[PDB]
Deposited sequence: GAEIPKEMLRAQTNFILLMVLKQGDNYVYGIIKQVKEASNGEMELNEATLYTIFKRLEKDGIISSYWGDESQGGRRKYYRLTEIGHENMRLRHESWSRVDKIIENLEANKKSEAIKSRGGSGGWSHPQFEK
């Protein structure tokens, strides 16, 4: 499994979490650890690296709670990319099914 694929899989998971709803880093690590039955356990510094890029590209934004803790939210643009990406990957599944069909 190539390095590019584990990065892509990690990205997909984080963005799906925020689509479930706003959340914070320590909450994101816990939720993921228990949904993989302990298999996937993310590192603080890793999430920070990925969030800097996503916030630079306008995909997510952050704000304060109880104003102590820092929350993250999927932006307007962000929701749009989720839909584009899901659509393209759906069409590919049909194409492959059809390559074998005409076969």
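Missing from the model, relative to the deposited sequence, are the ranges 1 to 3, 71 to 74, 111 to 131.
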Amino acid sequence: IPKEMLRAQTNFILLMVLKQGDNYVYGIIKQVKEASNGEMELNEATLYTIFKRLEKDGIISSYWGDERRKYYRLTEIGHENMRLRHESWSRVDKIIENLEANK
From here on, numbers count along this sequence of modelled residues.
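Per-stretch averaging of Cα B factors for 3 to 11 and 92 to 100 places 92 to 100 on top. The PDB entry records a higher mean C-alpha B factor for 80 to 88 than for its counterpart among 80 to 88 and 18 to 26.
Taking the deposited Cα B-factors for 34, 67, 55, 44, the highest one is held by 67.
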